[PDB]
Amino acid sequence: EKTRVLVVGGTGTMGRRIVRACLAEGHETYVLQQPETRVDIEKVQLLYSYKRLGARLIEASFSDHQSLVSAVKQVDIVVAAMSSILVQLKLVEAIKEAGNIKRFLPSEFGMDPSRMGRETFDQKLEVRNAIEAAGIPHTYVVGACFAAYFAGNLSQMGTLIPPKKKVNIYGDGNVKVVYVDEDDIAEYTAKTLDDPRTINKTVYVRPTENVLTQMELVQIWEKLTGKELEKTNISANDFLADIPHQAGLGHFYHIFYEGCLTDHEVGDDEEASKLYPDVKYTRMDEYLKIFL
Amino acid sequence: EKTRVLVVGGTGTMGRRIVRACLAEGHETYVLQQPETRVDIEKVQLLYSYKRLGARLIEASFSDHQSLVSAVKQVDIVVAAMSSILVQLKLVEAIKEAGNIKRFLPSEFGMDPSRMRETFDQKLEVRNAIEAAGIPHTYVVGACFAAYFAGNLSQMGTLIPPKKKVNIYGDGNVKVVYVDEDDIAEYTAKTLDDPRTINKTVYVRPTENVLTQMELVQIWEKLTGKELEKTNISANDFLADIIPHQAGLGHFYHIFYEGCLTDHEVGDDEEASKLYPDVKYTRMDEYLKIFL
Ligand SMILES: NC(=O)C1=CN([C@@H]2O[C@H](COP(=O)(O)OP(=O)(O)OC[C@H]3O[C@@H](n4cnc5c(N)ncnc54)[C@H](OP(=O)(O)O)[C@@H]3O)[C@@H](O)[C@H]2O)C=CC1
Ligand SMILES: NC(=O)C1=CN([C@@H]2O[C@H](COP(=O)(O)OP(=O)(O)OC[C@H]3O[C@@H](n4cnc5c(N)ncnc54)[C@H](OP(=O)(O)O)[C@@H]3O)[C@@H](O)[C@H]2O)C=CC1
């Protein structure tokens with residue numbers, strides 16, 4: 001009577017946490033094992049370490065439609081976490097022929113691509129159209145900054161840890177951003193995937209106490225270190241000198257200058273911390289303590 | 001009272017295991033934090049995960065001689081696990097000026113380079129600098145990492161067992177040493193402050209893991225109950241190293257055709273499993289079970 005979940009992209013940053021959260025949540029957890037992983041000592045040891053935690057491995061290849069069909073027949077629910085976004089179209093074809101899947105959560109976990117208007121959003125929307133054209137019930141998990149990419153570095157670029165003296169502030173740094181521990185995004189995902197309340201819904205991950213401006217985040221760290229940092233404000237115009245990964249920038253712009261993560265309300269029936277209040281999500285003062 | 005150990009190369013395949021073995025052995029454990037790691041989400045989270053287990057991080061760079069001196073002045077013992085092998089020469093210079101280091105274990109762990117393409121020259125060149133500087137050492141040698149040679153039944157281009165076919169090298173009756181990387185790490189952690197191994201080579205040659213390739217294959221066949229289709233590759237055929245990545249071959253040749261890991265006996269006073277009989281090392285029938 002356990003839900004059976006196949007995780008596609010199980011050795012990625014988000015993928016490995018979704019695997020563990022599915023196990024932790026009591027699901028019968030299956031991980032897609034792709035042949036290319038056979039030469040990667042990192043991927044191999046991760047996959048087999050899941051086996052010790054009680055997961056099962058299913059060998060399949062995206063270029064072998066029948067192995068995908070055969071993999072998805074063994075489960076009730078499929079989650080993908082890739083970033084190769086469009087390889088999910090082959091997954092949709094498999095799910096459609098198999099016929100037995102109760103829910104597919106595609107590889108979202110970022111800004112809601114339906115709210116933009118770059119090619120990251122196009123490709124997730126292309127995957128969404130196929131999901132819906134095939135009549136596959138779905139849940140889209142959206143709306144958060146990964147703490148590892150945006151909080152641990154106080155939203156500076158080119159680094160993943162907090163800076164020593166100086167920090168760039170974007171605008172007045174008073175634009176609200178949503179900073180979430182990837183583990184919590186994973187736990188929210190593992191709880192939502194068989195929840196009747198969220199079938200065919202978008203679930204917004206917006207834990208209330210993690211709705212913070214860059215300056216509030218910076219001040220969380222100054223309080224932890226006792227040292228104030230040397231701040232340098234950067235304006236929309238100066239920033240938009242992007243003259244490549246010009247696309248990362250400008251995802252950044254939408255988050256930190258336009259407030260795309262917070263410029264719209266979300267109901268309690270569609271917000272993960274309200275849906276799953278027993279998830280004691282990591283506040284950002286806790287998340288940052290590891291760096292002291 | 002604890003030995004203070006600095007692990008260099010602490011996010012590597014072997015280095016991460018050594019970090020954990022040192023902590024598990026009760027050593028006050030330090031890990032070098034190189035600046036280049038700052039953009040790699042993988043290395044960063046490994047590094048900081050060690051802090052939760054009680055380890056400390058030391059920031060230093062191989063191009064900053066005085067940062068390396070500041071690092072080693074904080075510990076009693078340095079262990080390196082690198083594979084770039086000649087960056088250890090800068091480490092030797094720093095240790096030499098520091099003056100406080102009681103033992104250095106260089107990045108060895110594989111074939112003994114004192115017998116015996118440039119892998120060996122570089123390791124021998126590191127040993128020479130160590131001994132010239134009069135730095136006390138222990139050289140841990142003599143084993144095949146299971147993940148690279150046992151999990152794949154010693155085939156190439158893959159890290160998991162093959163489904164139907166296997167290449168056998170010669171008759172496959174040359175004795176080889178297959179060792180779980182975790183046991184190499186635990187032996188290293190137990191030996192680095194052992195008075196018995198100061199200025200010695202310690203051979204990691206656990207008695208029951210001295211196996212021919214055919215014996216390794218046969219362990220697998222008894223676990224699966226499937227006989228593999230075997231193809232014998234002769235010593236002369238193999239030396240078609242046509243493809244100048246070819247030193248990886250040839251290393252293989254010395255192990256599997258010439259038996260260089262097992263052709264000289266070793267005394268109990270210099271073999272890891274006799275020096276540390278409380279280490280219940282993983283046998284290959286147990287190691288291979290995870291792949292069933
Ligand atoms: N704060 C934010 O806004 C963040 C949001 N995200 C979102 O995370 C989601 C997942 O990304 P992430 O967690 O970072 O993980 P990764 O980018 O590290 O995903 C790695 C896994 O993706 C699989 N993969 C990638 N390309 C292919 C391909 N062509 N063919 C087959 N498999 C492939 C492989 O799975 P396998 O293990 O089976 O080999 C690989 O292990 C994305 O949707 C992204 O938008 C992530 C970045 C920041
Ligand atoms: N069965 C056998 O015979 C085998 C034996 N080995 C031996 O294992 C020992 C450890 O190697 P391995 O685990 O494979 O190493 P890895 O390639 O996994 O890397 C380990 C660390 O090396 C550091 N590193 C690599 N290059 C540089 C460089 N130019 N400058 C600074 N740092 C560098 C990095 O340190 P950091 O983590 O700090 O960022 C890296 O993480 C080797 O001596 C190898 O000969 C190798 C495979 C199997």
Side-chain angles (χ1 to χ4, degrees), chain A residues 7-19 31-35 37 40-43 46-47 60-63 80-88 90 106-111 113 120 124 141-151 178-180 182 185-186 248 251-252 255 261, chain B residues 7-19 31-35 37 40-43 46-47 61-63 80-88 90 106-111 113 119 122-123 140-150 177-179 181 184 248 251 255 261:
Chain A
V7 174
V8 177
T11 59
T13 295
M14 195 47 84
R16 78 195 55 185
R17 313 174 137 88
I18 289 177
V19 172
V31 194
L32 176 77
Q33 170 174 19
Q34 304 184 55
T37 78
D40 191 326
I41 181 59
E42 229 65 64
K43 294 186 151 91
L46 261 175
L47 287 170
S61 178
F62 284 116
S63 47
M82 314 285 297
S83 94
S84 77
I85 288 284
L86 295 172
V87 292
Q88 286 175 111
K90 291 161 172 192
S107 187
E108 294 262 352
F109 316 110
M111 317 159 42
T120 307
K124 289 177 177 177
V141 183
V142 309
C145 261
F146 287 21
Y149 288 109
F150 298 95
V178 187
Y179 296 104
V180 190
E182 301 73 18
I185 299 175
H251 287 185
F252 207 96
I255 294 166
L261 292 183
Chain B
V7 179
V8 175
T11 64
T13 307
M14 181 61 74
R16 83 193 58 189
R17 293 159 154 83
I18 285 173
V19 168
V31 185
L32 189 63
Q33 173 169 14
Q34 304 190 66
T37 68
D40 182 329
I41 180 55
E42 220 67 80
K43 280 159 150 52
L46 253 180
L47 274 178
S61 178
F62 284 104
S63 67
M82 285 315 253
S83 223
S84 98
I85 286 279
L86 296 188
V87 311
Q88 280 175 114
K90 295 176 175 194
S107 189
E108 300 259 337
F109 302 124
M111 302 171 254
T119 302
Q122 296 188 2
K123 292 183 179 196
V140 188
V141 309
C144 278
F145 294 24
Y148 283 111
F149 298 95
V177 191
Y178 300 103
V179 183
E181 298 79 357
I184 302 175
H251 293 180
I255 294 163
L261 296 180

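Note on naming: letters A, B, ... go to the chains in the order of the sequence lines (proteins, then strands), and numbering restarts at 1 for each one. Side chains are part of it too, since the values below use all heavy atoms of this structure and drop only hydrogens, waters and symmetry mates. One-based numbering, in listed order, for ligands and for the atoms of each.
Expressed to the nearest 0.5 Å, how far CE of A:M111 lies from OG1 of A:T120 amounts to 9.0 Å. The distance from the CD atom of B:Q34 to the OG atom of B:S63 is 9.5 Å, given to the nearest 0.5 Å. Atom CD1 of A:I185 is separated from atom CZ of A:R17 by 9.0 Å, given to the nearest 0.5 angstrom. Distance check: A:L261 CG to A:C145 SG gives 5.5 Å after rounding to the nearest 0.5 Å.
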Show the atom names and distances, to 0.1 Å, of all donor-acceptor pairs under 3.5 Å that link a side chain in residues 81-88 of chain B to residues at least two apart or in another chain.
unit_1, atom_1, unit_2, atom_2, d
B:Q88, OE1, B:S107, N, 2.7
B:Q88, NE2, B:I85, O, 3.2

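For ligand 1, the atoms sitting less than 4.0 Å from at least one non-hydrogen atom of A:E108 are 7 (C), 9 (C), 42 (C), 43 (O), 44 (C), 45 (O), numbered in the order shown with element in parentheses. Numbered from 1 in the order shown, with element, the atoms of ligand 2 that lie under 4.0 Å from a heavy atom of B:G110 read 3 (O). Less than 4.0 angstrom separates some heavy atom of A:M14 from each of these atoms of ligand 1: 12 (P), 13 (O), 15 (O). Set against the non-hydrogen atoms of A:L32, the atoms of ligand 1 under 4.0 Å away are 38 (O). Contact atoms of ligand 2 toward B:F62: 31 (C) (distance under 4.0 Å to a heavy atom of the residue). Atoms of ligand 2 found under 4.0 Å from any heavy atom of B:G12, numbered from 1 in the order shown, are 18 (O), 19 (O), 20 (C), 37 (O), 41 (O). Below 4.0 Å from some heavy atom of B:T37 lie the following atoms of ligand 2, by number and element: 39 (O). Set against the non-hydrogen atoms of B:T11, the atoms of ligand 2 under 4.0 Å away are 36 (P), 37 (O), 39 (O), 41 (O). Numbered from 1 in the order shown, with element, the atoms of ligand 2 that lie under 4.0 Å from a heavy atom of B:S107 read 9 (C), 10 (C), 42 (C), 43 (O). Listed by number with element, the atoms of ligand 2 under 4.0 angstrom from any heavy atom of B:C144 are 1 (N).
The shortest non-hydrogen separation linking A:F150 to A:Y179 is O-CE2, 3.4 Å. Of all the heavy atoms in A:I18 and A:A186, the pair that sits closest is N-CB, 3.9 Å. Annotation for A:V142 and A:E108: closest pair CG1-OE1, 3.7 Å, computed over non-hydrogen atoms.
Within the 3.5 Å criterion, the main-chain N or O of B:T13 finds no donor-acceptor partner in the side chain of B:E181. Checked by atom type and distance alone, the side chain of A:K43 never pairs as donor or acceptor with a backbone atom of A:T11 at under 3.5 Å.
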Full working for salt bridge (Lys or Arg N to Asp or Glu O under 4.0 Å) between A:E42 and A:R16: CA-CA 12 Å; A:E42 229 65 64; A:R16 78 195 55 185; over 6 Å; no

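Heavy atoms of B:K43 found under 4.0 angstrom from ligand 2 belong exclusively to the side chain.
Under a 4.0 Å heavy-atom criterion, A:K124 is in contact with ligand 1. Ligand 2 lies less than 4.0 angstrom from a heavy atom belonging to B:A143.
Checked against ring pair (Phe, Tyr, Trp, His ring centres under 6.0 Å), B:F62 has no partners two or more places apart in sequence or in another chain.
Looking at A:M111 next to ligand 1, no N or O pair under 3.5 Å apart turns up. Between A:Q34 and ligand 1, an N or O atom pair is found at a separation short of 3.5 Å. By the 3.5 Å distance cut-off applied to N or O atoms, B:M82 is counted among the residues near ligand 2. In terms of polar-atom proximity, B:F145 is counted as a contact of ligand 2, with an N or O under 3.5 Å from an N or O of the ligand.
Ranked by closest heavy atom to atom 11 (O) of ligand 1, the top entry among A:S83, A:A151, A:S84, A:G10 is A:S83. Of all the listed residues (A:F150, A:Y179, A:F252, A:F109), A:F109 holds the heavy atom that lies closest to atom 5 (C) of ligand 1.
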